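Visitor: Sharing a structure with you now.
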Amino acid sequence: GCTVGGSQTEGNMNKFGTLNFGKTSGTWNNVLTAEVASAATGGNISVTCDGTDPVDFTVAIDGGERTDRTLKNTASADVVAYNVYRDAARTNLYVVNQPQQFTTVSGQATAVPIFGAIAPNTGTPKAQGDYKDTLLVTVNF
Amino acid sequence: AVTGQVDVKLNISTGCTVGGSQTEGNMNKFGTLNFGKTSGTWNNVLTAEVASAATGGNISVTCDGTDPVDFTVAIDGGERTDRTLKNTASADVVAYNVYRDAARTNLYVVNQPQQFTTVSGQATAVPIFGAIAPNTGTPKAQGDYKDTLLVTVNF
Amino acid sequence: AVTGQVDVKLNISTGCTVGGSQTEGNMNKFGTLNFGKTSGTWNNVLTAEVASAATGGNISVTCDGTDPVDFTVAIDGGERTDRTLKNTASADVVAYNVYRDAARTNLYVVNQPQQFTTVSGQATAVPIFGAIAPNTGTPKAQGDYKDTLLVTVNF
Amino acid sequence: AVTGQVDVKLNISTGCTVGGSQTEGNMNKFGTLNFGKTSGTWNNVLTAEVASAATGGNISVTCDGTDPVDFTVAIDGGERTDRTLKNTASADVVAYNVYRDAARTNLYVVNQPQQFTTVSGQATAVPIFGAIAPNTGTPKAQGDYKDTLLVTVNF
Amino acid sequence: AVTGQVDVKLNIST
Amino acid sequence: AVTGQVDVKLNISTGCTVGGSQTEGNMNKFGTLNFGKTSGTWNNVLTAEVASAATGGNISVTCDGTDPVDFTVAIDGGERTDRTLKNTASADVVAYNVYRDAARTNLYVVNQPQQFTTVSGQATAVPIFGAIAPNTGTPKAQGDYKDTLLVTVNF
């Protein structure tokens with residue numbers, strides 16, 4: 001089989017990382033954008049396979065806690081819509097419950113870029129506080 | 001089947017915003033580092049400044065607050081991670097670098113938060129000064145050389 | 001975390017080069033505008049020409065090609081953006097200006113492309129004529145006054 | 001002529017708000033402490049709870065934030081500063097007191113910040129429990145007795 | 001600082 | 001050259017003095033009108049009392065003599081003359097007003113001598129009750145809003 005590096009075992013569930021957009025004001029005009037930071041090292045999730053022939057493994061991310069990729073305020077019911085892309089230019093979207101293909105060769109670790117992106121909110125100012133979500137990334141074969 | 005969790009976070013409270021950018025699809029287009037036209041072998045250091053895509057001048061970062069805020073600026077190594085422009089057709093490369101000060105001394109080191117200050121009711125400019133070494137050895141092939149540096153304004 | 005893109009470009013095909021410069025580290029040292037020595041209050045307009053750092057004469061821009069290319073020359077406003085030389089120790093300032101013609105008439109307006117012509121097999125000189133107004137009011141403090149004008153040969 | 005300065009301040013950032021009040025002109029009407037009707041000499045402790053002017057129930061203070069906020073509540077001594085209701089026509093007085101807990105034990109001491117907690121997405125109630133001592137001595141004159149306690153929700 | 005009023009009342013009659 | 005005269009006068013005989021102030025340089029610092037912290041949009045009327053800079057309580061004006069003197073109190077319109085607090089960095093304004101009585105009714109009209117009484121061997125307090133209208137329209141920018149009302153105790 002193939003194994004995923006960069007994760008830490010949170011109890012009995014693999015903690016892959018954090019998508020930290022940082023701090024922001026009620027109404028942001030710029031697209032807020034941050035990359036996943038692996039919980040084990042701090043860098044990108046490094047998936048390596050165990051073998052000699054290049055294995056083709058897939059990566060699938062789900063829709064978050066509420067299934068529509070929205071971060072929720074810890075106290076109030078305000079939501080913040082977001083999305084995770086695979087490429088650096090926010091074009092190749094990790095479609096909900098879809099196996100975005102990936103390659104991996106022997107004696108090498110391939111990185112899984114989970115690039116976050118949030119649309120410019122120039123309408124209503126969301127309430128103050130911390131917004132969260134827990135995307136379940138599914139490395140499957 | 002290795003299923004794992006990715007905690008997503010955002011602290012909506014009091015943040016800083018970057019002006020001079022245009023939203024290219026879902027990615028902020030900050031600007032262009034246009035060195036201009038050049039011959040195969042140039043003896044003078046080719047040098048140009050970033051031109052914001054929104055206004056044409058320098059990127060103007062302003063912070064949405066009253067008290068001074070210390071924000072950082074980090075630029076990455078380009079498409080290939082070694083600050084080289086690549087010819088659109090051939091595989092020729094053109095090494096370059098981005099500096100912060102007008103005298104090409106304070107280099108924006110790869111993946112490093114070059115510090116910055118921002119004050120009450122003001123927009124601070126982010127000088128991204130480009131610079132290319134004098135190539136007096138081999139003439140690079142004709143055509144257009146490009147690169148996409150990702151500038152990372154982070155707090 | 002506001003991450004953005006900066007497109008870098010360079011068109012290697014057929015360009016123009018500036019002679020008379022020396023590479024100071026990674027910044028082209030074009031020359032010096034040396035007005036010379038002076039007293040606290042001078043009645044005569046102090047006037048000197050740029051001396052290229054490489055040869056000592058005028059900056060000689062030559063283009064690389066066969067058809068006469070039309071290149072432009074732009075000079076900025078100096079370190080403080082208002083063409084003032086500053087004393088190395090004190091805060092005294094000395095206002096000046098750079099003109100293009102020998103009679104101090106055609107001023108190199110701040111951030112403006114003063115046009116220029118250049119033919120094949122020839123080097124055209126870039127006259128940067130300095131000029132300082134007669135100070136017959138207050139005697140500026142003793143010492144050395146400096147400024148670093150950035151000359152921008154662009155196409 | 002003694003002219004002096006009074007600095008006015010307001011920190012607009014992330015505050016707490018009090019619900020259950022109605023704006024009486026330019027002063028927040030929080031509620032009513034209605035003991036009801038009574039005879040000249042009452043043997044039982046007359047006791048009633050505050051009724052918010054907006055809803056009729058208890059004052060509901062909610063904080064506009066996510067993390068828990070510790071806000072304080074202070075009540076003053078009434079119109080005459082000794083918690084006495086005064087007859088509208090005559091000069092008779094009726095001493096009373098406001099407590100915080102249901103058993104009339106935790107007294108809202110005059111000009112004191114009785115602490116309070118408020119949590120995520122919730123409105124905390126401010127129990128202002130009134131209590132009057134048994135008057136078995138002199139019968140106070142007939143009519144209506146009133147007082148206006150100023151409740152001070154401060155941070 | 002949200003200062004507010006609480007009208008206190010008592011009808012001594014019967 | 002328009003030279004003119006300004007007669008200066010002072011009647012040292014039997015005057016009245018204002019307590020609770022601290023001499024800020026050569027200007028009497030009377031106190032602070034601290035509304036406290038607040039969110040962008042507040043529904044409750046924000047309300048706070050002046051706190052003397054010397055003691056922390058109310059300004060205590062006492063007169064020097066044996067017969068009860070009638071002194072007046074006048075407050076001006078603030079820095080911009082329309083009783084608006086201004087954000088230290090941005091240009092946002094917060095309209096407010098100062099009243100004399102506890103129920104926000106008797107307004108200290110701009111540049112008006114609100115009358116006051118004072119007896120011998122006693123200090124009378126000057127209640128400067130602040131009040132801000134409920135802003136339920138636009139959320140003012142984050143930061144600190146300030147104003148300096150000049151209180152004018154005159155005879």
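Every chain in the structure tokens has a letter given in the order shown (A, B, ...), and although residue numbers restart at 1 in each chain, ligands are simply numbered from 1 in the order shown.
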Residues within 12 Å of residue 98 in chain B, please, as a ChimeraX atom specification. Count only C-alpha atoms; anything in the same chain fewer than 4 positions from it doesn't count.
Guide: /B:33,35,46-50,74-78,82-84,102-110,114,126-133,149-151 /C:6,8,26
Visitor: Go ahead and write the residues just picked, C-alpha atoms, as an mmCIF file, in the first residue's frame.
Guide:
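Saved file part_28.cif follows:
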```cif
data_model
loop_
_atom_site.group_PDB
_atom_site.id
_atom_site.type_symbol
_atom_site.label_atom_id
_atom_site.label_comp_id
_atom_site.auth_asym_id
_atom_site.auth_seq_id
_atom_site.Cartn_x
_atom_site.Cartn_y
_atom_site.Cartn_z
ATOM 1 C CA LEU B 33 7.409 43.183 -13.310
ATOM 2 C CA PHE B 35 11.794 44.466 -17.694
ATOM 3 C CA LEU B 46 18.062 45.048 -16.623
ATOM 4 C CA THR B 47 15.898 46.718 -13.984
ATOM 5 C CA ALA B 48 12.149 47.470 -13.649
ATOM 6 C CA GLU B 49 9.602 48.044 -10.878
ATOM 7 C CA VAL B 50 6.337 46.237 -10.247
ATOM 8 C CA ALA B 74 6.835 37.491 1.536
ATOM 9 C CA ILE B 75 7.541 36.639 -2.101
ATOM 10 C CA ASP B 76 8.116 33.065 -3.277
ATOM 11 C CA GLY B 77 10.653 31.675 -5.829
ATOM 12 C CA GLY B 78 8.461 31.749 -8.950
ATOM 13 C CA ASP B 82 14.601 29.419 -8.382
ATOM 14 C CA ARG B 83 13.477 32.832 -9.748
ATOM 15 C CA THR B 84 14.037 32.061 -13.438
ATOM 16 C CA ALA B 102 15.753 51.275 -4.627
ATOM 17 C CA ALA B 103 19.476 50.349 -4.586
ATOM 18 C CA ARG B 104 18.940 46.565 -5.199
ATOM 19 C CA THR B 105 20.437 45.711 -1.767
ATOM 20 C CA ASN B 106 17.654 44.479 0.557
ATOM 21 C CA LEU B 107 16.645 41.267 -1.197
ATOM 22 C CA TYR B 108 13.201 39.719 -0.764
ATOM 23 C CA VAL B 109 14.627 36.381 0.342
ATOM 24 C CA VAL B 110 12.635 33.328 -0.860
ATOM 25 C CA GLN B 114 10.180 41.082 4.971
ATOM 26 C CA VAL B 126 5.126 47.731 -1.407
ATOM 27 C CA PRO B 127 8.177 48.319 -3.568
ATOM 28 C CA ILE B 128 9.003 45.130 -5.439
ATOM 29 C CA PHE B 129 12.104 46.184 -7.360
ATOM 30 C CA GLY B 130 13.186 43.684 -10.000
ATOM 31 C CA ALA B 131 16.771 43.228 -11.128
ATOM 32 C CA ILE B 132 18.480 40.971 -13.679
ATOM 33 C CA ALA B 133 22.238 40.255 -13.833
ATOM 34 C CA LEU B 149 5.875 35.290 -8.582
ATOM 35 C CA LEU B 150 3.312 34.759 -5.828
ATOM 36 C CA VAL B 151 3.511 37.684 -3.387
ATOM 37 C CA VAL C 6 3.056 39.233 -9.980
ATOM 38 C CA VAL C 8 7.339 38.813 -14.556
ATOM 39 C CA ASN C 26 23.199 45.095 -8.617
#
```
Visitor: Would you write out chain C as an mmCIF file with C-alpha atoms, in the first residue's frame, after superposing it on chain B by least squares over all in-order Cα pairs?
Guide:
```cif
data_model
loop_
_atom_site.group_PDB
_atom_site.id
_atom_site.type_symbol
_atom_site.label_atom_id
_atom_site.label_comp_id
_atom_site.auth_asym_id
_atom_site.auth_seq_id
_atom_site.Cartn_x
_atom_site.Cartn_y
_atom_site.Cartn_z
ATOM 1 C CA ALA C 1 -8.293 4.469 2.331
ATOM 2 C CA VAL C 2 -6.564 7.073 4.503
ATOM 3 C CA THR C 3 -9.214 9.625 5.528
ATOM 4 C CA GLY C 4 -7.970 12.679 7.436
ATOM 5 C CA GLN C 5 -9.045 16.074 8.844
ATOM 6 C CA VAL C 6 -8.077 19.624 7.768
ATOM 7 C CA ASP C 7 -9.175 22.338 10.176
ATOM 8 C CA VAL C 8 -10.206 25.509 8.320
ATOM 9 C CA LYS C 9 -10.073 28.830 10.166
ATOM 10 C CA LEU C 10 -10.703 32.563 9.722
ATOM 11 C CA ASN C 11 -10.648 35.243 12.434
ATOM 12 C CA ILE C 12 -13.049 37.981 11.410
ATOM 13 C CA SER C 13 -12.229 40.879 13.790
ATOM 14 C CA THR C 14 -9.845 43.667 12.587
ATOM 15 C CA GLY C 15 -7.659 42.992 9.527
ATOM 16 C CA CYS C 16 -5.399 44.546 6.905
ATOM 17 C CA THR C 17 -6.121 44.792 3.134
ATOM 18 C CA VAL C 18 -3.926 45.034 0.014
ATOM 19 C CA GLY C 19 -4.840 47.632 -2.645
ATOM 20 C CA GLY C 20 -3.639 47.778 -6.255
ATOM 21 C CA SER C 21 -4.731 44.234 -7.052
ATOM 22 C CA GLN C 22 -7.346 42.943 -9.481
ATOM 23 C CA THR C 23 -9.138 39.648 -8.936
ATOM 24 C CA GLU C 24 -8.005 37.363 -11.780
ATOM 25 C CA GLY C 25 -10.745 34.755 -11.451
ATOM 26 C CA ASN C 26 -10.204 33.510 -7.874
ATOM 27 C CA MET C 27 -6.564 34.626 -7.541
ATOM 28 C CA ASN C 28 -5.460 38.199 -6.690
ATOM 29 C CA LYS C 29 -3.485 39.680 -9.629
ATOM 30 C CA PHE C 30 -1.046 42.004 -7.844
ATOM 31 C CA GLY C 31 0.945 43.368 -10.764
ATOM 32 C CA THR C 32 3.609 43.052 -13.427
ATOM 33 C CA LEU C 33 7.421 43.189 -13.311
ATOM 34 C CA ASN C 34 8.084 44.327 -16.868
ATOM 35 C CA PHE C 35 11.805 44.467 -17.698
ATOM 36 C CA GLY C 36 10.959 45.482 -21.258
ATOM 37 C CA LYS C 37 12.667 44.474 -24.491
ATOM 38 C CA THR C 38 16.292 43.307 -24.665
ATOM 39 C CA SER C 39 18.902 41.741 -26.947
ATOM 40 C CA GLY C 40 20.461 38.284 -26.648
ATOM 41 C CA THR C 41 23.400 39.576 -24.613
ATOM 42 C CA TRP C 42 22.842 42.631 -22.369
ATOM 43 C CA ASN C 43 25.768 44.296 -20.530
ATOM 44 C CA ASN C 44 23.649 46.543 -18.319
ATOM 45 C CA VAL C 45 21.690 45.121 -15.357
ATOM 46 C CA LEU C 46 18.074 45.039 -16.630
ATOM 47 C CA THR C 47 15.915 46.712 -13.991
ATOM 48 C CA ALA C 48 12.167 47.470 -13.653
ATOM 49 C CA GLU C 49 9.623 48.047 -10.880
ATOM 50 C CA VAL C 50 6.357 46.244 -10.245
ATOM 51 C CA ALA C 51 3.314 47.933 -11.815
ATOM 52 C CA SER C 52 0.057 47.173 -9.940
ATOM 53 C CA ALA C 53 -2.618 45.628 -12.196
ATOM 54 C CA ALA C 54 -5.367 47.874 -10.779
ATOM 55 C CA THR C 55 -3.805 51.346 -10.962
ATOM 56 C CA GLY C 56 -0.467 51.022 -12.764
ATOM 57 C CA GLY C 57 1.577 52.376 -9.855
ATOM 58 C CA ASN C 58 2.970 50.584 -6.803
ATOM 59 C CA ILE C 59 0.939 48.110 -4.734
ATOM 60 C CA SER C 60 -0.652 50.195 -1.959
ATOM 61 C CA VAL C 61 -1.332 48.179 1.181
ATOM 62 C CA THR C 62 -3.573 49.889 3.752
ATOM 63 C CA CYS C 63 -4.689 48.504 7.106
ATOM 64 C CA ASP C 64 -8.162 48.830 8.597
ATOM 65 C CA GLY C 65 -7.882 50.336 12.089
ATOM 66 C CA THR C 66 -6.482 53.082 14.316
ATOM 67 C CA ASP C 67 -3.229 51.686 15.738
ATOM 68 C CA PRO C 68 -0.208 51.298 13.444
ATOM 69 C CA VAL C 69 -0.162 47.603 12.441
ATOM 70 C CA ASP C 70 3.068 45.754 11.577
ATOM 71 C CA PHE C 71 2.380 43.553 8.538
ATOM 72 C CA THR C 72 4.802 41.372 6.651
ATOM 73 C CA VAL C 73 5.533 40.784 2.970
ATOM 74 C CA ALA C 74 6.852 37.499 1.536
ATOM 75 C CA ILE C 75 7.555 36.645 -2.101
ATOM 76 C CA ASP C 76 8.124 33.069 -3.278
ATOM 77 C CA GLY C 77 10.655 31.676 -5.832
ATOM 78 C CA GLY C 78 8.463 31.753 -8.950
ATOM 79 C CA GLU C 79 7.034 28.895 -11.008
ATOM 80 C CA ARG C 80 10.188 26.781 -10.847
ATOM 81 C CA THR C 81 11.212 27.928 -7.299
ATOM 82 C CA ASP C 82 14.600 29.416 -8.389
ATOM 83 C CA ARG C 83 13.480 32.829 -9.752
ATOM 84 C CA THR C 84 14.034 32.058 -13.442
ATOM 85 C CA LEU C 85 11.910 33.359 -16.281
ATOM 86 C CA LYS C 86 11.181 30.681 -18.872
ATOM 87 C CA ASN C 87 10.812 31.132 -22.592
ATOM 88 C CA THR C 88 7.237 30.399 -23.676
ATOM 89 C CA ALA C 89 8.421 27.962 -26.402
ATOM 90 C CA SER C 90 12.027 26.839 -25.752
ATOM 91 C CA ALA C 91 13.563 25.741 -22.424
ATOM 92 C CA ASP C 92 15.920 28.720 -21.998
ATOM 93 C CA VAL C 93 15.867 30.371 -18.552
ATOM 94 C CA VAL C 94 16.642 33.902 -17.335
ATOM 95 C CA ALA C 95 17.680 34.190 -13.669
ATOM 96 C CA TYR C 96 16.374 37.279 -11.802
ATOM 97 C CA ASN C 97 15.649 38.545 -8.259
ATOM 98 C CA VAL C 98 13.300 40.973 -6.527
ATOM 99 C CA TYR C 99 14.661 43.540 -4.048
ATOM 100 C CA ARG C 100 12.833 45.829 -1.626
ATOM 101 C CA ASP C 101 14.955 48.985 -1.675
ATOM 102 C CA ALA C 102 15.783 51.270 -4.634
ATOM 103 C CA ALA C 103 19.505 50.339 -4.596
ATOM 104 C CA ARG C 104 18.965 46.555 -5.209
ATOM 105 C CA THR C 105 20.461 45.700 -1.778
ATOM 106 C CA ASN C 106 17.680 44.471 0.548
ATOM 107 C CA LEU C 107 16.665 41.260 -1.205
ATOM 108 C CA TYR C 108 13.219 39.717 -0.768
ATOM 109 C CA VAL C 109 14.642 36.378 0.336
ATOM 110 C CA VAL C 110 12.645 33.328 -0.865
ATOM 111 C CA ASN C 111 9.709 32.525 1.478
ATOM 112 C CA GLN C 112 10.706 35.191 4.012
ATOM 113 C CA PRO C 113 8.512 37.784 5.768
ATOM 114 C CA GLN C 114 10.205 41.085 4.968
ATOM 115 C CA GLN C 115 8.679 43.351 7.749
ATOM 116 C CA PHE C 116 6.592 46.492 7.006
ATOM 117 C CA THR C 117 4.801 49.282 8.916
ATOM 118 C CA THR C 118 1.410 50.889 8.279
ATOM 119 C CA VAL C 119 -0.438 53.743 10.046
ATOM 120 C CA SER C 120 -4.142 54.633 10.166
ATOM 121 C CA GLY C 121 -5.617 56.749 7.350
ATOM 122 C CA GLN C 122 -2.677 56.019 5.058
ATOM 123 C CA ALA C 123 -1.683 53.476 2.409
ATOM 124 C CA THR C 124 1.895 52.118 2.444
ATOM 125 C CA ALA C 125 3.504 51.141 -0.876
ATOM 126 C CA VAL C 126 5.153 47.740 -1.405
ATOM 127 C CA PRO C 127 8.206 48.323 -3.569
ATOM 128 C CA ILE C 128 9.025 45.134 -5.441
ATOM 129 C CA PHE C 129 12.125 46.183 -7.364
ATOM 130 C CA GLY C 130 13.202 43.683 -10.004
ATOM 131 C CA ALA C 131 16.785 43.222 -11.137
ATOM 132 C CA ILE C 132 18.490 40.962 -13.687
ATOM 133 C CA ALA C 133 22.246 40.241 -13.844
ATOM 134 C CA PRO C 134 24.283 41.257 -16.895
ATOM 135 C CA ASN C 135 24.362 38.302 -19.296
ATOM 136 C CA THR C 136 27.562 38.710 -21.309
ATOM 137 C CA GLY C 137 28.107 35.020 -21.994
ATOM 138 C CA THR C 138 25.509 33.155 -24.047
ATOM 139 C CA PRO C 139 22.716 34.815 -26.065
ATOM 140 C CA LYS C 140 19.339 33.446 -24.884
ATOM 141 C CA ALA C 141 16.892 32.468 -27.654
ATOM 142 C CA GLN C 142 14.429 35.026 -29.087
ATOM 143 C CA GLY C 143 10.877 35.220 -27.752
ATOM 144 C CA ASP C 144 9.042 36.119 -24.549
ATOM 145 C CA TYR C 145 10.321 35.040 -21.108
ATOM 146 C CA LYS C 146 7.800 34.824 -18.237
ATOM 147 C CA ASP C 147 7.349 33.947 -14.559
ATOM 148 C CA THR C 148 4.587 34.337 -12.006
ATOM 149 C CA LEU C 149 5.882 35.296 -8.580
ATOM 150 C CA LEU C 150 3.318 34.771 -5.825
ATOM 151 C CA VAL C 151 3.525 37.696 -3.384
ATOM 152 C CA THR C 152 2.228 36.739 0.080
ATOM 153 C CA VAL C 153 1.043 39.624 2.252
ATOM 154 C CA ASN C 154 0.604 37.903 5.620
ATOM 155 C CA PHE C 155 0.078 38.913 9.189
#
```
Visitor: If we count only C-alpha atoms, which residues of chain A reach to within 12 Å of chain F? Please list them as a PyMOL selection string.
Guide: chain A and resi 25-27+124-128
Visitor: Hey, what's within 10 Å of range 41-46 of chain A if we count only C-alpha atoms and toss same-chain stuff fewer than 6 positions away? As a list in words, please?
Guide: residues 3, 4, 5, 6, 7, 8, 16, 17, 18, 35, 108, 109, 110, 111, 112, 113 and 114 of chain A
Visitor: Please measure the separation of CA of residue 105 in chain A and CA of residue 59 in chain A, giving the value in Å to one decimal.
Guide: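 One can read the CA of residue 105 in chain A to CA of residue 59 in chain A distance as 15.9 Å.
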Visitor: Going by DSSP on the backbone, which bits of chain D are strand (DSSP E or B)? Write them as number ranges by chain, please.
Guide: D: 2-12, 16-19, 22-24, 27-38, 46, 49-52, 59-63, 69-75, 84-87, 93-95, 97-99, 107, 114-118, 123-126, 129-132, 143-154
Visitor: Can you tell me how far CA of residue 88 in chain A sits from CA of residue 72 in chain A, in Å to one decimal?
Guide: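 Between CA of residue 88 in chain A and CA of residue 72 in chain A the gap is 25.5 Å.
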Visitor: Between CA of residue 76 in chain A and CA of residue 95 in chain A, measure the distance and give it in Å to one decimal.
Guide: 27.9 Å
Visitor: Which residues of chain E come within 7 Å of chain F, and for each one, what is the closest pair of atoms and their distance in Å to one decimal, counting only C-alpha atoms, sorted by chain and residue number, as JSON lines?
Guide:
```
{"residue": "E:1", "atom": "CA", "partner": "F:36", "partner_atom": "CA", "distance": 5.4}
{"residue": "E:2", "atom": "CA", "partner": "F:46", "partner_atom": "CA", "distance": 5.4}
{"residue": "E:3", "atom": "CA", "partner": "F:47", "partner_atom": "CA", "distance": 5.7}
```
